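Chemist: Generate a structure from the sequence data that follows.
(7 chains, ligands or ions: 3)
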Amino acid sequence: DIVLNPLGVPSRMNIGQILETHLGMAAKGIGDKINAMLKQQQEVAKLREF
Amino acid sequence: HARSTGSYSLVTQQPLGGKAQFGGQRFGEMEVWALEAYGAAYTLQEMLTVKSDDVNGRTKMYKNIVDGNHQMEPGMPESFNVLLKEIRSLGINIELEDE
Amino acid sequence: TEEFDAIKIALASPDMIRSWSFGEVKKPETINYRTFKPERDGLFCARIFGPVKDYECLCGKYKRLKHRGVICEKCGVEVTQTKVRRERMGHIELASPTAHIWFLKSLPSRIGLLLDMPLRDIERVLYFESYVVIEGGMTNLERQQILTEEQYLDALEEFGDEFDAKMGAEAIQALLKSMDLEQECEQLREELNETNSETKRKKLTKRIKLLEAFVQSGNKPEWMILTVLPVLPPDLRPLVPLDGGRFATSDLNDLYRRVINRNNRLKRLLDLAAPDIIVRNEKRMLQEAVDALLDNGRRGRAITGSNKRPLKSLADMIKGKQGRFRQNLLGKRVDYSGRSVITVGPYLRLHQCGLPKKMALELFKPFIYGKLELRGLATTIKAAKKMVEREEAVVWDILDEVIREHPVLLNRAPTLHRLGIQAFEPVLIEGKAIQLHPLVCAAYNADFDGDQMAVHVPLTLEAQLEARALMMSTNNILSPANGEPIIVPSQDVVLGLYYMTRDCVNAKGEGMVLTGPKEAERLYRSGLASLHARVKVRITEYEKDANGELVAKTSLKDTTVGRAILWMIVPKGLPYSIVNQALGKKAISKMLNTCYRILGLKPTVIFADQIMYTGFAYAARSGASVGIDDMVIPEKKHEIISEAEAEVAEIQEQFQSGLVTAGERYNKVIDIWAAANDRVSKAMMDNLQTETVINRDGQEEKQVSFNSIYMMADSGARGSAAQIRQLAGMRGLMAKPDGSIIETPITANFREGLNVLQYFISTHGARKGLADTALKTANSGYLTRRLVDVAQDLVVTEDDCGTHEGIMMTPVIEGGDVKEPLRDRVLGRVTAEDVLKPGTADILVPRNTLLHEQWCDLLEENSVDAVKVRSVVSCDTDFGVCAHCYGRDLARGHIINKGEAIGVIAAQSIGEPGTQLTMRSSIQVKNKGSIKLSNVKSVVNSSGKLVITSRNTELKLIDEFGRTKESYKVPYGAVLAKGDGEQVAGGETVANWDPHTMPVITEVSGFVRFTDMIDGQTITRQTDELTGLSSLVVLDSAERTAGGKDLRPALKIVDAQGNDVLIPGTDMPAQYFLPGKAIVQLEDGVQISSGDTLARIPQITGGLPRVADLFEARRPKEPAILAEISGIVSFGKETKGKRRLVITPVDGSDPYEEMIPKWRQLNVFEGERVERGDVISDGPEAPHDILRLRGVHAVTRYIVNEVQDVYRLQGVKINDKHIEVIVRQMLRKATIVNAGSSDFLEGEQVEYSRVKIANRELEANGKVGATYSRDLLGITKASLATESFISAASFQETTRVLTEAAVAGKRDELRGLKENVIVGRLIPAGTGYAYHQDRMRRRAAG
Amino acid sequence: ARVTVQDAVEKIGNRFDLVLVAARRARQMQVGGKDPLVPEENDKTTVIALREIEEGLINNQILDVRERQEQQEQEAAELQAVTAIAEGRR
DNA sequence: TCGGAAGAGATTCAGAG
RNA sequence: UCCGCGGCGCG
DNA sequence: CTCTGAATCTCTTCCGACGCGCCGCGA
Ligand SMILES: [Mg+2]
Ligand SMILES: [Zn+2]
Ligand SMILES: [Zn+2]
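Modeler: Residues are numbered from 1 along each chain as shown, chains lettered A, B, ... in the order given. Ligands and ions are numbered 1, 2, ... in the order given. The structure is reproduced below:
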């Protein structure tokens, strides 16, 4: 959706933001999986344990 | 924001400032030095006299541009007359010479 | 209009001002509210100032132009245009005089010093506090005697009506009208020639010249006291309506009304015969009111309104940054302009900017009206307006037709240097963002985080021709500050090229052979080989042959696929070797520069555009990106930090045992932490920078890593070793707000989390830096304004002045390091003298040759060590500089054209980098060479060493070709282990000295005998019971007895017979005095060898302030004293704190005496033969004295050296020319030592041009010419010193310069740039220059 | 369109003199209406004058002699007109 | 109706008579 | 159609 | 022991970026 220039990061030393990006990819990851786990309409106990 | 022409101020006869008044940008003194660094005299003269402050020269310019002739006629910046009147009112006599 | 030639200024005679006015205003009324009509005789009385409306009589008698130019009978209003309201001035007439506050309060009281009166007395009379006296011969009371009230009554009750006494206004008016000018002139000059006191002499001279100015202007001095006061026209002081029917009154109207009210009150109290004290109080109030009107706040408490703010008087309308001069005369607002947020557009060619359609329509609406009527689509302006406001698409077609070749100007505030304004040929885009080409955006200093930019459209065709020829970005490739190109890529472009040219040891398709770069491109795009793969390729290149033809060559070369791809765009003529390496930013910069020198402008422009396109495309295809795994942390770091903390614990416990002082404990801890931090940084760089990968044959091999952040740093695209060090290595020490370093460094890097303490202490530096830049911006802007004001007059006015004078250029070397090679310092300058091939008499380079790159290369080949070049400071041109003295224009590459304004270029070139500046015992040879002594006298001893009596000698290490390599200053009396001319090698000790003492050297062997000394009076008998052996110490003037005062302790050397040996070369005995508090190791009567010593002696600021002080000609606080005369130093009388030194000339009959302080260490021992300009005592250096002693070249070299030193320390490059020009501008004022047969008075300040011309004509008719000395006034004073009083009034201290010009009767010819900019005619520079030449010929014809 | 004028500046030497000459040439081309000496290609009088001076067909002295001959033609027309008026009177 | 630098004026100290 | 003063705000 | 000049001290004045944008208020 949005393309950012990487060259700014080392010179501004906003390393933390890169970490934020990684967490984002992780977060939606779980969402995606749980979304699919909901879409297949399986037993709620499985998603509960997940 | 952009202004071809519009209102004009009372005392200085210069164009108004700011977006709300639909005024023009300010050709600050740094820009004047920039022009002086080039040999670009004519555009400087046009910037000061006709586009800005000549109460009749800009009318003539508007006429000629509408007519499609890019002539120019530099009069005198009215702010200069304002400065002269204020200096005279101060009690110091100042006047032009070799008319 | 009026075609005036000059402007004249003088005092206002009351009859003159009354002649101006079309009527008197006598009542305070302003405007009726029943009907919005002025009151008669009021501040807006139409009967005086004319009608409020065009040809409309106040009474309504007449309404149209049929009666144009007639006066209504019912009232005195005239049937005319409203414009007259702007013109006509009123007048008011006072029942009493009033001192004009300017002439009183100005820093020298012009009236006061004219009448020699103290300002306290003048104010005490003018403010109605005391009487003053005018004398009659029957009374002892003299004239101008101050008179208090009790003295007034005492005098009047015995001598009433015999003398006369008056209050300030009338008394001063009568006194000024009751004095003659010539009698006081002659008495003042006779007193001047008879008196001696320099204070008295300077006061007398300034009075003499003031009286001369008054007589030559013919202005009657009493006019300084007003009697009739002008009234500013109503329109300049408008009364403006408000919401609810209210009106904002301009403060000037209120001040006028107050003065009118006080005048009316005084006149009423006079005409009804009020008592004395009442009318005195009223007239004092009236005087105070006039003071408020002119210059409220100039004296005492300022007047204020209901808002509790001081009202802006007339003077405030011209003073200050809100003043009329700065706000409106310069820096006008302009029509036909727009502003918008900028945006990257990569698809643009170099010379075209993307301009939103709406702005284009608005700006060119007049042109659209014009063309639309011309093509017959619209008949009347109303039709055109309604059509364009409906956007009938034909208007869009017309709009696309109009702008096709119509350049526009783009400007970014602040316009730090002239690149800040550039010209572009527009292209129309939907949207609302102005699109720039990134390359020029780099030059703009702009970014894209939200910076706005303003666009102006030129109107006339001459203007747009100027914009195309001069300003178009395709012309501004070379910066004016230096010859290197300004159009240089950065960020993604450089990253892409770097990736494209980097090779790897093993890649897809390695080793194959390509018949041409096209096949390389095919194999890459088809995906059968990666860019990095190394391959052999057949390539053709070309070279500019001896005739100028591009002779071809074709060969096989080893390269990379990426390198061939890049080569394919390279234009013909450049060698292939330029590409065949990992291209960084600097490589691309030099590639563009070599393209521009080898080929023309247009191939370079096309090359730049192609570079930008290809770099962007291949960077995008690269997909370089930064990830958290990239910032590898060297695993050694934990071990190194544990080691460092172990050492910290060790030193801390060592202090716990009391073995060391706390300060050295701190120092040791700081040192070990710094060492550990450096070790960690080295480990991090080593681990990151290189990595191991398998080769083609199946073995591991090292290569430069493709780690992303490292690739970004190494390419030079962005970042630096410091930022990488902080990202991965430990970031190290940080400073407390006082600048002291915290003992515990920040150990965690940025990748790991910083604890709260580390973060908090780190914030100190962050807020320090932000405040630093916030403050620095203002100082930089101010400094630039100054430099511009000083240098704005200077314009190239002739081709060649014919001066053989010049300056000597040598490479700048300090401490054995060549800080600046000769090629940079001499490139583009004209030879003042013919350069000879070294070691021969053959002419290598002829005189008056512009040294371009080939000449510089030739100089390097022959190893020329010094050149002589023409300089701006040495040019003989009057009111300008010749083209040959200035030399090569950085922006164009050839000799500068006539008519260019250079001073402004120099001022901006100095100012712009200022934003970057910061603001809050033995000698070892470094390398091979030969030892030479610059200026030395040496004596050799029984130890085989050499000891020196020159106090300012320097070793210089010389190349075998005669070029210098190293140079180092050597202190007095240092010991040397080598003779002159010996060979040296790196690390070789050649000389030694004790820095902690000052020795005294005896040149000849003999037997010491104490002379002119007595123990306990001049010297005391130290026996160091607490230190060691016996010694003798000279008793200081506070410790010595009176018998020790005239007796100066000394030792003579005697032969074996006890006879006093003479100095080997002079009639002076070999006598060596012991200075105050001197220490000697040897007792009376011992032998000492030749060249042996016996004496023991007890022994930074920010860049921007330093440059400010240099250009302001600041006197340093501890000025070193240098020999004003060539002679022999000699001692003499003594007094408190100061020693009466004397220099006695060798042949001259005129000794000189100086009050040298004793607390400064003297470098003189009563035997030092000295010459003019030689250092007598060290310290900071005063530029004025340097100029006096060693001339213009010395001071210009000093200034340029200091400024270049600070800038090079920052790393910015500025050519010397821009400093030399400022120096020449500083150096205008001269002073006259004898007039010869000229009319000039002695001691007068005269502009150097005037005195030069006068002397030249005076000798042209054979008379004795005048003689002069030149004075280095600071740039502020030098700018105020100019004759163009208009420019001075524009700059600073407006009231002072206005008063000075007024009393002087000055006239300004309007010859500089600023004056013409004010007036609005063409400037006498650039394209305007030609217009003036014809004019001056007509003025010569007139 | 014109990427750069540098060749024309090389021909005239002084850049500012180039601006003046091109200005007067464009002035007379626009109001005087005298036709370009070279093909126009929907360009503007400015770049037209720049190309013309680039070709060396137009230069300060060339303008001088053209103005001289135009003045001579105008004065010849004036003299022939007044002679015709005199012949009408006679 | 706030600190710094420069200039001018005033006061004090040293040298010479 | 307007002189500002104060305030934040972005360069 | 006194007078004048020079030096030092005290007091007053000047300066301390360019550009846009909104809000309030206005005896
Ligand atoms: Mg920005
Ligand atoms: Zn009337
Ligand atoms: Zn010269």
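Chemist: Show me the helices in the stretch 151-300 of chain C, by range?
Modeler: In the stretch 151-300 of chain C, the helices defined using DSSP state H, counting those that start in this stretch lie at C:168-177, C:181-194, C:198-217, C:251-271, C:276-295.
Chemist: of all those, which lies closest to residue C:13?
Modeler: Closest of these to residue C:13 is helix C:198-217, at 12.0 Å (criterion: CB to CB). C-betas here are computed from N, CA, C, even on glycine.
Chemist: where does the nearest residue to residue D:24 once chain neighbours are set aside fall, helix, sheet strand or coil?
Modeler: Excluding its sequence neighbours, the residue lying closest to residue D:24 (CB to CB, 6 or more residues apart in numbering or on different chains) is residue D:63, at 6.4 Å. Of the three states, residue D:63 takes helix according to DSSP: H, G, I helix; E, B strand; the rest coil.
Chemist: so residue D:63 touches residue D:23, yeah?
Modeler: No: Residue D:63 lies out of contact with residue D:23 (CB atoms under 8 Å); the separation is 11.0 Å.
Chemist: more neighbours, these two?
Modeler: More crowded of residue D:63 and residue D:23, by other CB atoms under 10 Å in any protein chain shown: residue D:23, with 22 against 15.
Chemist: Spell out which residues sit in contact with that one, please.
Modeler: B:42, C:461-462, C:465 (CB atoms under 8 Å, 6 or more residues apart in numbering or on different chains).
Chemist: let's go with 6 Å and repeat that
Modeler: Under the criterion of CB atoms under 6 Å, 6 or more residues apart in numbering or on different chains, the neighbours of residue D:23 are C:462, C:465.
Chemist: any idea which helix or strand carries the residue sitting nearest the centre point of chain A?
Modeler: Chain A has residue A:25 as the residue nearest its centroid, 2.6 Å off, counting by CA atoms, centre = their mean. If you go by DSSP states H and E, residue A:25 is part of helix A:15-39.
Chemist: quick one: that helix near chain C?
Modeler: Yes: interface with chain C: helix A:15-39 contributes A:15, A:18 (CB under 6 Å from any CB of the partner chain).
Chemist: Run through who's touching that helix.
Modeler: A:47, C:628, C:750.
Chemist: Specify which member of those is nearest to ligand 1.
Modeler: Looking at these and their distance to ligand 1, the nearest is residue C:750, at 24.5 Å (CB to the ion).
Chemist: so how many other residues sit close to that closest one?
Modeler: As a measure of burial, residue C:750 has 19 neighbours, counting by other CB under 10 Å.
Chemist: quick one: which of the contacts of helix A:15-39 is nearest ligand 3?
Modeler: Nearest member of these to ligand 3, counting by CB to the ion, is residue C:750, at 56.9 Å.
Chemist: my guess is the closest one meets residue C:727, correct?
Modeler: Yes: taking contacts as CB atoms under 6 Å, residue C:750 lies within contact range of residue C:727: 5.2 Å.
Chemist: hang on, the earlier thing: make JSON lines out of the contacts of helix A:15-39 and add secondary structure and distance to RNA strand F.
Modeler: As requested, the contacts of helix A:15-39 are exported to JSON lines (DSSP: H, G, I helix; E, B strand; the rest coil; distance: CB to the nearest atom of the strand, whole Å):
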{"residue": "A:47", "secondary structure": "helix", "distance to RNA strand F": "45"}
{"residue": "C:628", "secondary structure": "coil", "distance to RNA strand F": "28"}
{"residue": "C:750", "secondary structure": "coil", "distance to RNA strand F": "23"}
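Chemist: what's near enough to touch the nearest residue to residue C:825 once chain neighbours are set aside?
Modeler: Leaving aside its sequence neighbours, residue C:825 sits nearest to residue C:809 (CB to CB, 6+ apart; 4.9 Å). Residue C:809 makes contacts with C:825-826, C:867, C:869, as judged by CB under 6 Å, 6+ apart.
Chemist: For residue C:809, give its distance to residue C:295.
Modeler: 52 Å (CB to CB, to the nearest Å).
Chemist: Likewise for residue C:862?
Modeler: Applying CB to CB, the value for residue C:862 to residue C:295 is 68 Å.
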